[PDB]
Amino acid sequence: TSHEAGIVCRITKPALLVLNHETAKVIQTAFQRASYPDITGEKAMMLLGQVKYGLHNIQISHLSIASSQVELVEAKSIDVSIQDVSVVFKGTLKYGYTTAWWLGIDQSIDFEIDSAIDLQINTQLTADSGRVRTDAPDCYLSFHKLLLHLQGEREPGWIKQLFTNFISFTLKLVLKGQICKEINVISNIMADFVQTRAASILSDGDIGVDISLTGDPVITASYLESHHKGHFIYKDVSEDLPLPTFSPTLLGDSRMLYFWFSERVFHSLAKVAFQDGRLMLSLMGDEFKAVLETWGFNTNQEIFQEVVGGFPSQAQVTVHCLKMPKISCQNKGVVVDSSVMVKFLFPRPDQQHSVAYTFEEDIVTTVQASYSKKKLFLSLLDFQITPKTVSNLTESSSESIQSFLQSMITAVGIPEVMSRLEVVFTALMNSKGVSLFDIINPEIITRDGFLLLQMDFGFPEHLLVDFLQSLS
């Protein structure tokens, strides 16, 4: 089929398989969070009269898991089978022979309950409140054993029989209610957390993002796919604009993670970014000098002397966008068409001899992108510069002074701004946790109308441990 979405996330079977390595940590958390209530009553026992009993303070004492498999069922669910969770519970048995007063005082015996269980959890994914919800109403438990063992192996005659006939089957059913219920809460905590962190990665100060879902997620034998709006929000105003169409066939399913972004999302980001007054740069005395030195030039050079010239520590250059930049994705790259104002001031003791220029121009850049060693790299495939109105502010002006400045915009300006841009977007990623992941051979691929992120990842097994630990 086809979906209306600004942003699409596709998590493939291979990704689930490396995620499955930590299924046991999740099941462990579920058992540790479950409540096991006191089992009490007072029953007539054979030859022994009314006996009042209670199993008390049931606590998990040991828990291990043998293995887990994961399978995607087309249009239905993510199905995880877990074999041989062995749980040892401990508790305290308290009873007294109520009617048989001649048999002596009430008793207290420590016990353990030993079980082995296979679980089958079939999780369905649905949209709720623009959020992906998880639901496993089909959560199967199969007990291999549930055996009571008293400390000291005491048997007056009524205990093993009572446990077997009145206690285990209703306990099994209580166990299932608690475990399955708690599998459901952890699953929804983990789903909601990812979504909130996704949104956080796309947010900054007064800039937020709406990644509300546009329909129920999709499951096939090969992947699962969520479709989001991707509208940027500025000071809590958003524009609920029509959604671009998305075609599932656009994506492969061999990498672990695919992210498809419409160019409409870039339009949205350029829009709020411009509104926030962010698309600007200022270089004063020694910052201007430092920028030239980065690109292999030097304010003390002969060729800079007529422009800068005597007081290079007092140079001033500003760039700012005049209107919102225009961003397109194309097969060749991402094209940003920017209308800028570049202002120069290289003062002299006499202000009449200060070189002072302003350049209104469109600069169009075709850019390709790389991710490597935890950094974003931006590449210039080509550029075009078309001035609209150049102004000199003093008499100190010449076709060759103007052409020096233009050449600086081109040779130093463009590559400097690109450098600053990649540094800024890399720091936005890092500060939101992206650095912590092992992103493996990611590809950034531009096409007509959309950008593609494809990658494998490594899951630092300690990150899930700490998150589950942080749940308390």
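Start at 1 and count along the sequence shown; that's the residue number.
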| property | result |
| --- | --- |
| Selected stretch [higher average CA B-factor]: 105-113 or 309-317 | 309-317 |
| Entry-level comparison of average CA B-factors, 230-238 and 298-306, reporting the higher stretch | 298-306 |
| Residue with maximal Cα B-factor (values as given in the PDB entry) among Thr220, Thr123, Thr365, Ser254 | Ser254 |
| Residue with maximal Cα B-factor (values as given in the PDB entry) among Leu171, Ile207, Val334, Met284 | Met284 |
| For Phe261, the third of its chain into which the C-alpha B factor falls | lowest |
| For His267, the third of its chain into which the C-alpha B factor falls | lowest |
| Assigned third (lowest, middle, highest) for the C-alpha B factor of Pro442 | middle |
| Third of the chain's Cα B-factor distribution that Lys52 belongs to, per the entry | middle |
| Chain-wide C-alpha B factor ranking for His462, given as lowest, middle or highest third | highest |
